[PDB]
Every structure is written in C-alpha cells, then in structure tokens.
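Below you'll find only one chain, the form deposited without 2,6-BIS(1-methylethyl)phenol (PFL), shown as structure tokens.
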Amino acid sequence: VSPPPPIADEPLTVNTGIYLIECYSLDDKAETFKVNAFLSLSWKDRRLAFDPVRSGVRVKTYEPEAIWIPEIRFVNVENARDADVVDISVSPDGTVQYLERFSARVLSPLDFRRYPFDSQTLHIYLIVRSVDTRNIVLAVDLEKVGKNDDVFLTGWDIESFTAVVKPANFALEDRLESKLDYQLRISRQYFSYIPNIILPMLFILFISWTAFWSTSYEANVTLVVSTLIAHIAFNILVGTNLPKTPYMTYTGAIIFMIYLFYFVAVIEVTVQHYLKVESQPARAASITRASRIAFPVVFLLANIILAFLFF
C-alpha cells in the first residue's frame, strides 16, 4: 500500500494532536524528560471512502497493516518511541481517524542561567517525510492537543502544553519534511532552595566573619579554614545536579564569590596578624574594624548587582 493520489497536485494534510497522560523523569544533567501520551493522526484517503448505501458498516474499523498509514516520527528522541495503536476508524468520506498511545524519552535542552528560579520550554518535534507520489504536510487539530489534569512533573509547575500551528516545511536529503513544534512550558518550584540550601550555606559564610571580632590568630585560622571545609562538605551534601554550561549561571557566580570571600577573609586574618606581630596594632585594629562593615556590605551589593544582571 502506498499514499492516496491527489485530485489535482495538492499535498496530503495530516492533522496531528498530542494529549499528555503521564509526564515524568526530567533529568537536569541530561536535559531529557520522559513522556507517555496519545498521538492523534487524521487524513483523507478516498480509496477507502465508501458508500453508506452498500457498505455493511457505518464506521469501518481497520488493523494498522490493512491500510496506508503516514510514517510520523519524533525529531528530538533518544531511540524511537514505544507506541501501541489504540484505534483506526474510517468515515464514509475516506477520513481516517488514527490514535496510538506512546512513551518516548525526549531530548530538549535547558537554560540554567536563572537557576534555581528558572523556567523552561520543553519541545516535542513531530516530523513527516514526504514520499515519491504524494508530498505530506502536518497540521494542528487544537481540539486533540491537551494534557491530563493529574500530570505531575516533580519540582516543576506545568504552565501549558501548546503547539505552534504553522509547520516548519523544509528540504532534507532531496525530500520535503514537515516539522511541528509542541511546546511544554514549565517553571521550577524554588521554595526548598531557600531554607535547605541558600540559608545554611549563608550561615557557614557568616560564621567565618566572626574572625573580625577576634585577635586570636589560632581562633581566626580555625574559623575561616574550618568554615571553608564545612562549605565544601555542605555543597557535597547538597549534590550537583547541573551539566557543564558554556555560559555563567546566577548560582555559578554566587558560589565563585563565596570561594573568593573565604580567600579574602584569610588575607585579612593574615594581614591583621602580621601587623600586630610587627608592632602596628592601630593598622591591625583599623583593618579588622573596617572588615566588620566591609565584608557584609560588599557581599550585599555584589549579590544585588548579580541578581540585577541575571533578572
């Protein structure tokens, strides 16, 4: 079986529709998500268009290997989707109404700049390769493009599941292709980050700043160096779930700043001590007293500047 012939020279319009059933396993590091949905396909095939006079049926149900079915694929997938045909039903005009339930691992990249406050647009690209006798173009039937209310993506708020109605028609290996953009907008649930990651990581850094109210080099060494060890240990605990990005992250910049703040604090502790031992207690005291206001104020402004630059 090959494709239905045109009346004139018109291409075959395959009306599409993706309905999300289950959506899960969003791997931040791999920039992949797993989706279990319904794929809806519709096209007219006059060859199987029959008369409600003679035909012993009103709606003719077929098996997938009895009629011509368009080779519809996904662009951004790891391997081909695990699809199970649900129903194929031909209306007397020849209109085929295909439906399958598929599960696929979609490969859509993410923007980690505004992390962990970020929002993403996940993409599902439907494609059809035009054939010898008839050229095939994709379309969006917005009545069969949706999502189940129960759909849950852990740590994210599902905003919308839509499709860019106009297909991307282009040439690929001497044949026309029709690509459709199914967009899934999601926004990260950042509550947990504040009391679980941000606040304990700020407390450890604040502990080091107590060395600006001490003259004991032994106590100061223990303070700044031990908190630096606590910091690294905390970051080990709090995992690492992001890939290596070519760009700079909001969180990326803050972390670097914190490592710089540990280094500067050591320099201060060292400077204060050297002046004190080299009989210059006024300079040693003035530097320590200044640092008490300097370190928090600089930290505050630097975070404000960064926040502004990223948001």
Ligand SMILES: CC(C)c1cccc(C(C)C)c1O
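Counting begins at 1, following the sequence as shown.
There is another form of the same protein, the form solved in complex with 2,6-BIS(1-methylethyl)phenol (PFL); it is not shown, and what comes next is about it.
In the modelled overlay, 2,6-BIS(1-methylethyl)phenol (PFL) taken from its pose in the deposited complex makes no contact closer than 2.4 Å with any backbone or C-beta atom of this form, which marks the pocket as open. Of the residues given (145, 158, 238, 137), 238 alone sits with a heavy atom within 4.5 Å of 2,6-BIS(1-methylethyl)phenol (PFL) in the deposited complex.
In the deposited complex, at least one heavy atom of residue 250 sits within 4.5 Å of a heavy atom of 2,6-BIS(1-methylethyl)phenol (PFL). For residue 182, no non-hydrogen atom is located within 4.5 Å of 2,6-BIS(1-methylethyl)phenol (PFL) in the deposited complex, even though that partner is not displayed.
Of the heavy atoms in residue 49, none are within 4.5 Å of 2,6-BIS(1-methylethyl)phenol (PFL) in the deposited complex. Though the partner is left out of this view, residue 116 does reach within 4.5 Å of 2,6-BIS(1-methylethyl)phenol (PFL) in the deposited complex, counting heavy atoms only. Applying a 4.5 Å heavy atom cutoff to 2,6-BIS(1-methylethyl)phenol (PFL) in the deposited complex picks out 197, 198, 201 from 194-209, in order along the sequence.
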